[PDB]
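> My structure is in target_12.pdb, and what it holds is PDB, C-alpha atoms:
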```pdb
ATOM      1  CA  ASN A 434      90.171  88.718 -21.723  1.00  0.00           C
ATOM      2  CA  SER A 435      90.163  87.834 -18.024  1.00  0.00           C
ATOM      3  CA  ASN A 436      91.966  90.768 -16.441  1.00  0.00           C
ATOM      4  CA  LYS A 437      89.874  91.185 -13.292  1.00  0.00           C
ATOM      5  CA  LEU A 438      89.813  87.399 -12.892  1.00  0.00           C
ATOM      6  CA  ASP A 439      93.466  86.372 -13.107  1.00  0.00           C
ATOM      7  CA  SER A 440      95.755  89.435 -13.088  1.00  0.00           C
ATOM      8  CA  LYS A 441      98.129  89.531 -10.120  1.00  0.00           C
ATOM      9  CA  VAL A 442     100.238  92.375  -8.708  1.00  0.00           C
ATOM     10  CA  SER A 443     103.329  90.163  -8.240  1.00  0.00           C
ATOM     11  CA  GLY A 444     102.964  87.779 -11.175  1.00  0.00           C
ATOM     12  CA  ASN A 445     100.644  84.784 -11.355  1.00  0.00           C
ATOM     13  CA  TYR A 446     102.356  81.390 -11.541  1.00  0.00           C
ATOM     14  CA  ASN A 447      99.255  79.186 -11.933  1.00  0.00           C
ATOM     15  CA  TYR A 448      99.348  79.099 -15.759  1.00  0.00           C
ATOM     16  CA  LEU A 449     102.259  77.220 -17.339  1.00  0.00           C
ATOM     17  CA  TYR A 450     103.095  76.493 -20.965  1.00  0.00           C
ATOM     18  CA  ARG A 451     105.509  74.193 -22.794  1.00  0.00           C
ATOM     19  CA  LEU A 452     108.142  76.455 -24.363  1.00  0.00           C
ATOM     20  CA  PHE A 453     110.444  73.688 -25.667  1.00  0.00           C
ATOM     21  CA  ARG A 454     109.709  70.306 -27.227  1.00  0.00           C
ATOM     22  CA  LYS A 455     111.193  67.730 -29.594  1.00  0.00           C
ATOM     23  CA  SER A 456     108.502  67.780 -32.293  1.00  0.00           C
ATOM     24  CA  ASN A 457     105.218  69.594 -32.797  1.00  0.00           C
ATOM     25  CA  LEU A 458     102.104  67.999 -31.331  1.00  0.00           C
ATOM     26  CA  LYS A 459      99.535  66.007 -33.240  1.00  0.00           C
ATOM     27  CA  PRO A 460      95.982  67.400 -33.294  1.00  0.00           C
ATOM     28  CA  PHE A 461      94.168  67.081 -29.953  1.00  0.00           C
ATOM     29  CA  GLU A 462      97.193  65.436 -28.322  1.00  0.00           C
ATOM     30  CA  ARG A 463      98.157  66.342 -24.755  1.00  0.00           C
ATOM     31  CA  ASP A 464     101.649  66.209 -23.220  1.00  0.00           C
ATOM     32  CA  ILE A 465     101.863  66.435 -19.418  1.00  0.00           C
ATOM     33  CA  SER A 466     105.397  65.006 -19.134  1.00  0.00           C
TER      34      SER A 466
ATOM     35  CA  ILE B  98      92.607  34.139 -20.654  1.00  0.00           C
ATOM     36  CA  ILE B  99      92.703  37.438 -22.557  1.00  0.00           C
ATOM     37  CA  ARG B 100      91.319  40.317 -20.497  1.00  0.00           C
ATOM     38  CA  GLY B 101      92.631  43.599 -21.851  1.00  0.00           C
ATOM     39  CA  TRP B 102      95.539  45.676 -23.046  1.00  0.00           C
ATOM     40  CA  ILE B 103      97.871  48.514 -22.089  1.00  0.00           C
ATOM     41  CA  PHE B 104      98.634  51.278 -24.591  1.00  0.00           C
ATOM     42  CA  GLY B 105     101.395  53.855 -24.451  1.00  0.00           C
ATOM     43  CA  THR B 106     104.673  55.161 -25.822  1.00  0.00           C
ATOM     44  CA  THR B 107     107.167  54.153 -23.109  1.00  0.00           C
ATOM     45  CA  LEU B 108     104.968  52.344 -20.529  1.00  0.00           C
ATOM     46  CA  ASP B 109     106.753  54.208 -17.715  1.00  0.00           C
ATOM     47  CA  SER B 110     105.730  56.931 -15.274  1.00  0.00           C
ATOM     48  CA  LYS B 111     107.298  59.730 -17.337  1.00  0.00           C
ATOM     49  CA  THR B 112     104.796  59.355 -20.206  1.00  0.00           C
ATOM     50  CA  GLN B 113     101.020  59.044 -19.964  1.00  0.00           C
ATOM     51  CA  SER B 114      99.643  55.627 -20.931  1.00  0.00           C
ATOM     52  CA  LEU B 115      96.274  53.979 -21.551  1.00  0.00           C
ATOM     53  CA  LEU B 116      94.918  50.896 -19.775  1.00  0.00           C
ATOM     54  CA  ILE B 117      91.942  48.689 -20.692  1.00  0.00           C
ATOM     55  CA  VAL B 118      90.849  45.618 -18.710  1.00  0.00           C
ATOM     56  CA  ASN B 119      87.679  43.536 -19.035  1.00  0.00           C
ATOM     57  CA  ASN B 120      86.743  42.367 -15.550  1.00  0.00           C
ATOM     58  CA  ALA B 121      84.074  39.696 -15.084  1.00  0.00           C
ATOM     59  CA  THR B 122      81.660  42.499 -14.116  1.00  0.00           C
ATOM     60  CA  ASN B 123      82.734  45.595 -16.067  1.00  0.00           C
ATOM     61  CA  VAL B 124      85.439  47.004 -18.342  1.00  0.00           C
ATOM     62  CA  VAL B 125      87.640  49.761 -16.904  1.00  0.00           C
ATOM     63  CA  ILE B 126      89.535  52.343 -18.976  1.00  0.00           C
ATOM     64  CA  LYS B 127      92.014  54.779 -17.443  1.00  0.00           C
ATOM     65  CA  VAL B 128      94.684  57.081 -18.851  1.00  0.00           C
ATOM     66  CA  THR B 162      93.280  62.589 -17.031  1.00  0.00           C
ATOM     67  CA  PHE B 163      90.486  60.279 -18.181  1.00  0.00           C
ATOM     68  CA  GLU B 164      88.607  57.330 -16.700  1.00  0.00           C
ATOM     69  CA  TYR B 165      85.820  55.244 -18.191  1.00  0.00           C
ATOM     70  CA  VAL B 166      83.722  52.258 -17.122  1.00  0.00           C
ATOM     71  CA  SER B 167      81.111  50.290 -19.068  1.00  0.00           C
ATOM     72  CA  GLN B 168      79.668  46.771 -19.403  1.00  0.00           C
ATOM     73  CA  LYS B 182      85.665  27.967 -28.676  1.00  0.00           C
ATOM     74  CA  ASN B 183      84.690  31.615 -29.181  1.00  0.00           C
ATOM     75  CA  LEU B 184      86.496  33.928 -31.609  1.00  0.00           C
ATOM     76  CA  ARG B 185      86.716  37.528 -30.391  1.00  0.00           C
ATOM     77  CA  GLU B 186      87.857  40.001 -33.050  1.00  0.00           C
ATOM     78  CA  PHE B 187      88.780  43.598 -32.269  1.00  0.00           C
ATOM     79  CA  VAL B 188      90.037  46.639 -34.156  1.00  0.00           C
ATOM     80  CA  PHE B 189      91.842  49.483 -32.380  1.00  0.00           C
ATOM     81  CA  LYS B 190      92.659  52.836 -33.989  1.00  0.00           C
ATOM     82  CA  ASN B 191      94.156  56.114 -32.743  1.00  0.00           C
ATOM     83  CA  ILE B 192      93.345  59.161 -34.898  1.00  0.00           C
ATOM     84  CA  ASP B 193      93.005  62.841 -33.933  1.00  0.00           C
ATOM     85  CA  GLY B 194      93.232  62.173 -30.208  1.00  0.00           C
ATOM     86  CA  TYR B 195      90.455  59.575 -30.489  1.00  0.00           C
ATOM     87  CA  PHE B 196      90.926  55.916 -29.567  1.00  0.00           C
ATOM     88  CA  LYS B 197      88.312  53.969 -31.537  1.00  0.00           C
ATOM     89  CA  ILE B 198      87.372  50.355 -30.821  1.00  0.00           C
ATOM     90  CA  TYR B 199      85.351  48.011 -33.050  1.00  0.00           C
ATOM     91  CA  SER B 200      84.622  44.378 -32.239  1.00  0.00           C
ATOM     92  CA  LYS B 201      82.768  41.204 -33.191  1.00  0.00           C
ATOM     93  CA  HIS B 202      82.076  37.830 -31.562  1.00  0.00           C
ATOM     94  CA  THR B 203      81.777  34.498 -33.358  1.00  0.00           C
ATOM     95  CA  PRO B 204      80.941  30.911 -32.275  1.00  0.00           C
ATOM     96  CA  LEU B 213      92.062  31.742 -38.270  1.00  0.00           C
ATOM     97  CA  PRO B 214      88.730  30.722 -39.810  1.00  0.00           C
ATOM     98  CA  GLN B 215      88.039  31.061 -43.512  1.00  0.00           C
ATOM     99  CA  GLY B 216      84.783  33.023 -43.409  1.00  0.00           C
ATOM    100  CA  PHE B 217      83.606  36.614 -43.642  1.00  0.00           C
ATOM    101  CA  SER B 218      82.404  38.617 -40.643  1.00  0.00           C
ATOM    102  CA  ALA B 219      82.072  42.376 -40.212  1.00  0.00           C
ATOM    103  CA  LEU B 220      83.038  44.046 -36.931  1.00  0.00           C
ATOM    104  CA  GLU B 221      80.603  46.520 -35.334  1.00  0.00           C
ATOM    105  CA  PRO B 222      81.889  49.633 -33.536  1.00  0.00           C
ATOM    106  CA  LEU B 223      82.184  49.753 -29.760  1.00  0.00           C
ATOM    107  CA  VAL B 224      83.464  53.130 -28.566  1.00  0.00           C
ATOM    108  CA  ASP B 225      85.499  56.299 -29.140  1.00  0.00           C
ATOM    109  CA  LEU B 226      87.546  57.629 -26.215  1.00  0.00           C
ATOM    110  CA  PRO B 227      89.180  61.102 -26.106  1.00  0.00           C
ATOM    111  CA  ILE B 228      92.386  59.844 -24.509  1.00  0.00           C
ATOM    112  CA  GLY B 229      94.528  62.428 -26.313  1.00  0.00           C
ATOM    113  CA  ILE B 230      97.833  60.534 -26.077  1.00  0.00           C
ATOM    114  CA  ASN B 231     100.107  59.197 -28.817  1.00  0.00           C
ATOM    115  CA  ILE B 232     100.296  55.396 -28.652  1.00  0.00           C
ATOM    116  CA  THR B 233     103.239  53.504 -30.148  1.00  0.00           C
ATOM    117  CA  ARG B 234     103.219  50.177 -28.253  1.00  0.00           C
ATOM    118  CA  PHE B 235     100.740  47.795 -26.653  1.00  0.00           C
ATOM    119  CA  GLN B 236     100.556  44.485 -24.797  1.00  0.00           C
ATOM    120  CA  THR B 237      97.877  41.879 -24.111  1.00  0.00           C
ATOM    121  CA  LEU B 238      96.972  41.441 -20.437  1.00  0.00           C
ATOM    122  CA  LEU B 239      96.834  37.809 -19.310  1.00  0.00           C
TER     123      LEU B 239
ATOM    124  CA  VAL C 338      82.909  75.377 -18.017  1.00  0.00           C
ATOM    125  CA  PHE C 339      82.569  79.143 -18.463  1.00  0.00           C
ATOM    126  CA  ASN C 340      82.069  80.303 -14.863  1.00  0.00           C
ATOM    127  CA  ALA C 341      84.760  78.136 -13.253  1.00  0.00           C
ATOM    128  CA  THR C 342      86.929  80.153 -10.871  1.00  0.00           C
ATOM    129  CA  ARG C 343      90.179  78.588 -12.121  1.00  0.00           C
ATOM    130  CA  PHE C 344      91.099  77.316 -15.586  1.00  0.00           C
ATOM    131  CA  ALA C 345      93.599  74.599 -16.438  1.00  0.00           C
ATOM    132  CA  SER C 346      97.006  75.576 -17.798  1.00  0.00           C
ATOM    133  CA  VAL C 347      97.399  75.487 -21.570  1.00  0.00           C
ATOM    134  CA  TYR C 348     100.075  72.779 -21.410  1.00  0.00           C
ATOM    135  CA  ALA C 349      97.594  70.589 -19.509  1.00  0.00           C
ATOM    136  CA  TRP C 350      94.394  72.042 -21.018  1.00  0.00           C
ATOM    137  CA  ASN C 351      91.123  70.624 -19.711  1.00  0.00           C
ATOM    138  CA  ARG C 352      88.710  68.616 -21.856  1.00  0.00           C
ATOM    139  CA  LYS C 353      85.095  68.078 -20.794  1.00  0.00           C
ATOM    140  CA  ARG C 354      82.412  65.897 -22.383  1.00  0.00           C
ATOM    141  CA  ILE C 355      78.965  67.392 -22.984  1.00  0.00           C
ATOM    142  CA  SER C 356      76.328  64.679 -23.212  1.00  0.00           C
ATOM    143  CA  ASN C 357      72.574  64.087 -23.002  1.00  0.00           C
ATOM    144  CA  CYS C 358      71.464  67.678 -22.515  1.00  0.00           C
ATOM    145  CA  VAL C 359      69.914  70.680 -24.243  1.00  0.00           C
ATOM    146  CA  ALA C 360      72.621  73.086 -25.425  1.00  0.00           C
ATOM    147  CA  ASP C 361      71.367  76.667 -25.117  1.00  0.00           C
ATOM    148  CA  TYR C 362      73.996  78.874 -26.756  1.00  0.00           C
ATOM    149  CA  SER C 363      72.128  82.119 -26.008  1.00  0.00           C
ATOM    150  CA  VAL C 364      73.704  82.055 -22.533  1.00  0.00           C
ATOM    151  CA  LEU C 365      77.096  82.633 -24.179  1.00  0.00           C
ATOM    152  CA  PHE C 374      83.490  83.617 -31.164  1.00  0.00           C
ATOM    153  CA  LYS C 375      85.088  82.339 -34.370  1.00  0.00           C
ATOM    154  CA  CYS C 376      83.235  79.300 -35.725  1.00  0.00           C
ATOM    155  CA  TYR C 377      84.564  76.964 -38.424  1.00  0.00           C
ATOM    156  CA  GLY C 378      82.174  74.837 -40.456  1.00  0.00           C
ATOM    157  CA  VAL C 379      79.148  76.402 -38.737  1.00  0.00           C
ATOM    158  CA  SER C 380      77.639  79.792 -37.915  1.00  0.00           C
ATOM    159  CA  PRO C 381      77.085  80.687 -34.236  1.00  0.00           C
ATOM    160  CA  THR C 382      73.703  82.308 -34.907  1.00  0.00           C
ATOM    161  CA  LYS C 383      72.500  78.898 -36.155  1.00  0.00           C
ATOM    162  CA  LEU C 384      74.120  76.838 -33.374  1.00  0.00           C
ATOM    163  CA  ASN C 385      70.802  76.633 -31.498  1.00  0.00           C
TER     164      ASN C 385
ATOM    165  CA  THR D  28      84.448  72.696  -3.470  1.00  0.00           C
ATOM    166  CA  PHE D  29      87.320  73.057  -1.010  1.00  0.00           C
ATOM    167  CA  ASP D  30      90.168  72.462  -3.465  1.00  0.00           C
ATOM    168  CA  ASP D  31      89.199  75.323  -5.781  1.00  0.00           C
ATOM    169  CA  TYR D  32      89.651  78.109  -3.213  1.00  0.00           C
ATOM    170  CA  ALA D  33      92.137  79.853  -0.922  1.00  0.00           C
ATOM    171  CA  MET D  34      91.913  79.766   2.869  1.00  0.00           C
ATOM    172  CA  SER D  52      96.542  79.142  -2.246  1.00  0.00           C
ATOM    173  CA  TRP D  53      94.602  76.202  -3.674  1.00  0.00           C
ATOM    174  CA  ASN D  54      97.859  74.525  -4.755  1.00  0.00           C
ATOM    175  CA  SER D  55      99.734  75.726  -1.622  1.00  0.00           C
ATOM    176  CA  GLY D  56     102.190  77.756  -3.714  1.00  0.00           C
ATOM    177  CA  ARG D  72      95.997  72.454   3.614  1.00  0.00           C
ATOM    178  CA  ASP D  73      94.367  69.222   2.392  1.00  0.00           C
ATOM    179  CA  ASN D  74      92.452  69.612  -0.873  1.00  0.00           C
ATOM    180  CA  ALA D  75      91.209  66.027  -0.482  1.00  0.00           C
ATOM    181  CA  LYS D  98      87.101  81.589   2.302  1.00  0.00           C
ATOM    182  CA  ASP D  99      88.358  84.076  -0.285  1.00  0.00           C
ATOM    183  CA  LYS D 100      86.169  84.734  -3.319  1.00  0.00           C
ATOM    184  CA  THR D 101      89.012  83.798  -5.665  1.00  0.00           C
ATOM    185  CA  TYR D 102      90.977  80.581  -6.160  1.00  0.00           C
ATOM    186  CA  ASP D 103      94.187  82.116  -4.761  1.00  0.00           C
ATOM    187  CA  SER D 104      95.940  85.475  -4.416  1.00  0.00           C
ATOM    188  CA  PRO D 105      96.335  85.946  -8.241  1.00  0.00           C
ATOM    189  CA  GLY D 106      92.754  87.142  -8.173  1.00  0.00           C
ATOM    190  CA  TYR D 107      93.978  90.481  -6.833  1.00  0.00           C
ATOM    191  CA  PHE D 108      90.979  92.349  -8.176  1.00  0.00           C
ATOM    192  CA  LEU D 109      88.196  90.195  -6.666  1.00  0.00           C
ATOM    193  CA  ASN D 110      89.826  89.108  -3.374  1.00  0.00           C
TER     194      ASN D 110
END
```
Would you write the structure of this file as structure tokens?


Amino acid sequence: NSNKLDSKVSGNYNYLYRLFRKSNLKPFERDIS
Amino acid sequence: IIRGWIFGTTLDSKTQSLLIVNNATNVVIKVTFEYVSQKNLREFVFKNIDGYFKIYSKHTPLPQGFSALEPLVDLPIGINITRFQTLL
Amino acid sequence: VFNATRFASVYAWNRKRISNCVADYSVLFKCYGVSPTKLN
Amino acid sequence: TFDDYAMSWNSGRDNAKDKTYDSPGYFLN
């Protein structure tokens, strides 16, 4: 846990994640589209 | 005449693609990843498994003999490849 | 890797090659296929 | 390392000093 490294009193926006996709990824495959 | 190849899924800017060229001095690989390193029949084998792009090769002074290709390199490109083209 | 001020986002996770060095794991935990106490 | 710091790092300057990368380090600023 990195609380006193990354927690923000306003909401950090530096960490994004893909919440929708066509098909699940293959092992060790990256998608930066 | 043959120098290298391009690997990718759409070969556009929307999807990440691989690129391999053998210059007269060195061979340059780029994808989030870059890499540089060092009639005649040149035989190559290219595979893409588990985010690894594996390259085997062999050189010989289609013929009807037997020759076994030695490995060259594994690259952690981490992209799905569906198409490729030879670079003239 | 461990003491970097910022970490890459999970969608664009960072991958780093470790090569030609002595890996001292005492400086550092679920391990698969290996036990951490033997990693040294 | 200029790019990995705030004077945010991503401007959310010319990447090509606060202790933390940007404001979201609001416990070590």

> Provide as a list in words the residues of chain D at most 9 Å from chain A, counting all atoms listed in the file.

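That gives residues 54, 56, 101, 104, 105, 106, 107, 108 and 109 of chain D for chain D.
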
> Hey, list the chain A side of the contact with chain C: 10 Å cut-off, all atoms listed in the file, answer as a list in words.

residues 438, 439, 447, 448, 449, 450, 451, 452, 461, 463, 464, 465 and 466 of chain A

> Just give me the residues with any atom within 9 Å of (94.7, 53.1, -18.1), file coordinates, counting only C-alpha atoms, written as a PyMOL selection string.

chain B and resi 102-104+113-118+125-128+163-164

> Save the residues we just selected, C-alpha atoms, as a compact mmCIF listing (two decimals), keeping the file's coordinate frame?


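So result_29.txt came out as:
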```
# COMPACT_ATOMS: atom_id res chain seq x y z
CA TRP B 102 95.54 45.68 -23.05
CA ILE B 103 97.87 48.51 -22.09
CA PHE B 104 98.63 51.28 -24.59
CA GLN B 113 101.02 59.04 -19.96
CA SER B 114 99.64 55.63 -20.93
CA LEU B 115 96.27 53.98 -21.55
CA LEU B 116 94.92 50.90 -19.77
CA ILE B 117 91.94 48.69 -20.69
CA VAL B 118 90.85 45.62 -18.71
CA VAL B 125 87.64 49.76 -16.90
CA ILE B 126 89.54 52.34 -18.98
CA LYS B 127 92.01 54.78 -17.44
CA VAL B 128 94.68 57.08 -18.85
CA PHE B 163 90.49 60.28 -18.18
CA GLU B 164 88.61 57.33 -16.70
```

> Excluding residue A:459 and any residue of its chain fewer than 4 positions from it, enumerate the residues within 10 Å of it, using only C-alpha atoms, and give them as a PyMOL selection string.

(chain A and resi 463) or (chain B and resi 192-194+229-231)

> Using only C-alpha atoms and a cut-off of 9 Å, which residues of chain D sit close to chain C? Please list them as an MDAnalysis selection string.

chainID D and resid 31:32 100:102

> Record the distance separating atom CA of residue B:167 and atom CA of residue B:100, expressed in Å with one decimal.

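Computing the Euclidean distance for atom CA of residue B:167 and atom CA of residue B:100 yields 14.3 Å.
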
> Could you name the residues that touch residue D:103 at 8 Å or less, counting only C-alpha atoms, but leaving out those on the same chain fewer than 6 positions away, as a ChimeraX atom specification?

/D:32-33,52-53

> Would you please work out which residue, of C:375, C:359, C:340, C:353, is nearest to chain B when using all atoms listed in the file?

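The answer is C:353, which sits nearest to chain B.
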
> What does the distance between atom CA of residue B:233 and atom CA of residue B:107 come to in Å, to one decimal place?

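These atoms are spaced 8.1 Å apart.
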
> Measure the distance from atom CA of residue B:225 to atom CA of residue B:186 in Å and round it to one decimal.

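About the pair atom CA of residue B:225 and atom CA of residue B:186: they are 16.9 Å apart.
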
> Tell me which of B:166, B:98, B:219, B:232 sits closest to chain A, counting only C-alpha atoms.

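Of B:166, B:98, B:219, B:232, the one nearest chain A, counting only C-alpha atoms, is B:232.
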
> Taking the file as shown, find all residues satisfying the PyMOL selection byres ((chain B and resi 196) around 8) and write them as a PyMOL selection string.

chain B and resi 189-192+194-195+197-198+225-228

> Would you please work out which residue, of B:215, B:162, B:182, B:235, is nearest to chain C when using all atoms listed in the file?

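Comparing B:215, B:162, B:182, B:235 against chain C, the winner is B:162.
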
> Using only C-alpha atoms, pick whichever of C:382, C:339, C:354, C:363 has the shortest atom-to-atom distance to chain B.

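Closest to chain B, using only C-alpha atoms: C:354.
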